[PDB]
Structure formats: C-alpha cells, structure tokens
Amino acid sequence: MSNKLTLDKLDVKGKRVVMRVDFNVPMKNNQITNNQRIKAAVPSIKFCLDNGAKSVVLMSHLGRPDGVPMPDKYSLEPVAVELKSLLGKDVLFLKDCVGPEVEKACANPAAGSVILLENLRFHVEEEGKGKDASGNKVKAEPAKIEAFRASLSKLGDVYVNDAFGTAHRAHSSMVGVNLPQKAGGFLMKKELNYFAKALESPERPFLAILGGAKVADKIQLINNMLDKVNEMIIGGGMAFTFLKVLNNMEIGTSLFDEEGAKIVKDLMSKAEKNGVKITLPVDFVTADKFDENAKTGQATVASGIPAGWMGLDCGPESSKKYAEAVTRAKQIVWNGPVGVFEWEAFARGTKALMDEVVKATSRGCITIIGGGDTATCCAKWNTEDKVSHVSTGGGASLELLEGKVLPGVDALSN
C-alpha cells in the first residue's frame, strides 16, 4: 500500500500487462459455484483495457495439483467462460502458462486482447515444491525455478498484482516476475485499506473463528494470532488435531496434522498466559465415507469417534457454545467453515453460526468473513450485505492479523 506503486499511478497505454489474479474459485462436478473472486478482479482488468493497454495476460491457480498437471480436474478453462460474461469481451484460453508456444501468443497480441494462461500449479516451479507420481513430496530445482520466472516476464511489459487471496504466499507468480514496474491492483488496495481500518485499532472483545480443511497451513498462524485477539473458536477440521493431543480423544478417519500436533500444548498454554478463551467443539456429526450421501452418525468428545468414521460437522451443543462467544464479541473474523456446508447433512452447524454472526452485526459488532469457501456460505444463504465485510482472501486476512507483511505486497515497487 501507501509507498508502493499502484495501478492508478501506472501507465499502461500501448503496453502489455501481466496480471496475477486469484481465480481459485469453488468447483462442484467441474462447474463454478461462486464467481466473486472472478467478479472482484474485473475493475482492474477493465481499467487497463480502457486506458489503452495492448493486452492483459492473466495468471492464476486452481486448487492443489501438487506440481503435476491435471486438466481433467484442476483446469482453468471453465473460468475463462465466466470471464466473458462479466467481461463482456472475448477471452482467449491457453493450455499452458509457459513457454515458447505460450510466449508466441503473448509476445505481441491484437489490441484490447485478454489472455488466460493455464493453471500455474501444474509446474513444480510455482510453489515450488510438489508431489510426484509416487506421492513423494519433492522440491523444484533452483535453476529451473528461475527459468520459470524469466518465462512469465516475456508475457508483459508491466506487472500488476491483484491476487489479494494468495498475497500471503511467496510463489513465483507472486514475487518472481522481474519487471521494472510492478504495481498493486485495485482489489489489493481496496482490501488492504479495509483491513488497515479494521485491525490497527480493533473493537474488543475481538474473536477469531477458525475452521476449514487446510489444517497443516493454518495452525502455524495461530501463535501470532494469540497476541492480537481476545477469544478464539477453533472448529472445523482444525478441531480434531487439537482434541487428540489435549484429551487423547479418538477421532477416527478425521483430518489430522501430525506436525501441527507438536505445537498444540504450547498454543494452549500461551492462550492461558495471555488470557485468550479457546472454544472447541464438544460434539460432532459423523460419516462413514467422505460423501454427500454417506450414512450419518453422532459423537462426543467423551464418546470419541468410531474407527473408520470421520467428523464432518459439529454438534448442537457445540453450536451452543460458539454462540456464547459471538454474543460477547465486538469484532469477529471468520475463516473456514465449521463443517461441510455444501452437503446438507453437515451444513447444520455452519448455518447456525452464520445466523448468529448476522444478529451480531445488527447490534453493531463488526464482522469479517473471509475466504474462498467461507465466502461462498454468504452467497449460498444470501448474507453478503448482512455482514460488515466479505473478503476474497481467508488465509491472507489471517496473516495480516499476525503482523507480518504479505510476501505479495513486499515484492511491489517503491
């Protein structure tokens, strides 16, 4: 922000623009379920076209293909199709993001042309670490990583970064494009401004709700969050990693993070030290396979979860507790659903939680729900204008909350 180059200060007339966007949208059965993330990036894309930009080249990622190409699953071609509609302009989709063939198309396009490169996470050089065919985690070669970044840089004359949602990751698209002028997009600015107002001087008590399925990544955030919040609800897939360590509970086939489990005790003790109330689930709704149409089951912390069964939602007694926390708080940040909201058997808990968050905003409490899947709850239940702010980044928003500057923003020009 503030001392870094921005799109409004940028000159794009006659120049090709390579733009990093967060088009990592929710997919069901190969089709889009929400387009906010896409819709949010349009102002920046149009700006360039209206100001006489020769082309706009769009780079983004979908899901976690672990460095291997999966066009059948994690392809960006359907995206791509929505963009035309929001765009009102013909969009051209390429089956790779590199190089000589792709560089050919991007080398000097026809005026007003926008190009969607293929998914970046098909290459190990983005992250750059990944899984091979074995499922063996591997890392990309330093030299190759660096060739990857030189490839992107032929795609445009100026670089614009609008991907607030991935701004917290130091990947090759985010920090690697070497161009003389690297400018932050409007989404980046709109979002960064909003959070400078919200954090820096939070209304208290301040509560942080944690959920979702990305356990391994999101526990590492907690520790620095403990210094900035008053209360924490930790539900969703996170919950089981905590409960097995803390109470030697039995969690069945539920998500578990082993590395995360090594820090659970310390995290509790720092919460005590700082007096942050940690709220966890006391009962769950269970399933025998990972399916919409699985057989349902009931469980408690005391009861444990039966072998080969998994907890995909939180029980009614658990929702009762969360709701006590919500009522106390005057600012709330929520990332990650507490259950699998997409499937009707497991959307009970998440629905209840949102319902409470909406009342909270009525009494003047400030509510931020951020994240690609957690945002989709709002769209599904039409609570988008009922909450104080709905944000495009979830993990990214939490990383602002810790105090570290974002890799994406630190890499912008000064």
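Residue numbers here begin at 1 and follow the sequence given.
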property	result
Given 357-365 and 63-71, the range whose Cα B-factors average higher in the PDB entry	63-71
Mean temperature factor over C-alpha atoms, higher-scoring stretch between 142-150 and 289-297	142-150
Residue of maximum C-alpha B factor among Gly165, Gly235, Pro205, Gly88, per deposited coordinates	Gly88
Residue with highest C-alpha B-factor in the PDB entry, from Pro78, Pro281, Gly184, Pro337	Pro78
Third of the chain's Cα B-factor distribution that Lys9 belongs to, per the entry	highest
Chain third (lowest, middle, highest) by recorded CA B-factor, residue given as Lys28	highest
Among modelled residues of the same chain, the CA temperature factor third for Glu231	lowest
B-factor third for the C-alpha atom of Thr241 within its chain	lowest
Cα B factor band for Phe93 (lowest, middle or highest third within the chain)	highest
